[PDB]
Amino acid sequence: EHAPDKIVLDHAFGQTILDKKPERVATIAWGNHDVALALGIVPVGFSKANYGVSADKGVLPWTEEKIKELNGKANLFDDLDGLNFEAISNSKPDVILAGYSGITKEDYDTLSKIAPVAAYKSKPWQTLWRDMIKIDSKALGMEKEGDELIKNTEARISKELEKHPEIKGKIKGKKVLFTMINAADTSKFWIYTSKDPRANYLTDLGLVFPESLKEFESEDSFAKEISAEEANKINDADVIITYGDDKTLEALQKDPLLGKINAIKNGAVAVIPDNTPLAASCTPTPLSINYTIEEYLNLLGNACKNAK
């Protein structure tokens, strides 16, 4: 008989309407569970991770830590291969958090037969970390707590910067590009745009994007593939970030085309050790940030020392 007030979510597939204070929270895709956990809520189910951790564990250190602290269990969807609708349904969720995600219209329609879905605003994988919090927390009926979580996460970042005066000054205003450069094939590579949370996080640390990036912001993607032939377009970058290994930088500087790029020949390159918790953290969540920001700043400060 009682009709509690509704939460109405605007997103890429229209609207989601649910009753205030949903109890059982499922999440899907990268990082959304870290929002629930940061807000003190243990999901009845969330997506398995296999980047920066083994599929066997399927959970990152900061996530595992927060769960244990909340005296909870980790209920993982066996969904590395794709959404596991059966597993999601069996968790009997009152809501499904997908604020940062790549779901299609068909995914959305099917998930919605299980529970109300908090989808991304516009485009797949184009949700910045603050907006992930805004979307997911509003779905929980916890907008206010979400804003407070954003403010505390911003404070965490600011605190760590203040503790490293040299690094803070050294990276401030450096023009940076987050990329994916495969040393085993340099004919083409990827540049993440400002719409990608991992590129955008860098601006939270005081870095900026070079003007060259704007050429690639027009396409509706979180990343653009460009040929080595175009590599000279980004000679205005002070520093470049890429995933890789201890062989990556050497290989790049020796490359006939990539080796002529200013930041690369300068050694102004932060190589994130691939498939590590640190690599995972570069797509930030409120939990990952606290856990890794010191290590990340040191890596960034060190690459920026080489900028000329």
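Just count from 1 along the sequence shown to find any residue number.
Of the two segments examined, 183-191 and 139-147, it is 183-191 that shows the higher average Cα temperature factor in the deposited entry. Taking the mean C-alpha B-factor of each stretch as recorded, 114-122 and 222-230 are not equal, and the higher mean is that of 222-230.
Taking the deposited Cα B-factors for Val95, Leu213, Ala74, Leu202, the highest one is held by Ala74. Between the residues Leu249, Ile240, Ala279, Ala36, it is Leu249 that shows the highest Cα B-factor in the PDB record. In the deposited entry, the Cα temperature factor of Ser47 places it in the middle third of its chain's modelled residues.
When the CA B factors of the chain's modelled residues are split into thirds, the value for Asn32 lands in the lowest one. When the modelled residues of the chain are ordered by C-alpha B-factor, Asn84 sits in the highest third. When the CA B factors of the chain's modelled residues are split into thirds, the value for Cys304 lands in the middle one.
Among all modelled residues in its chain, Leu257 ranks in the highest third by Cα B-factor.
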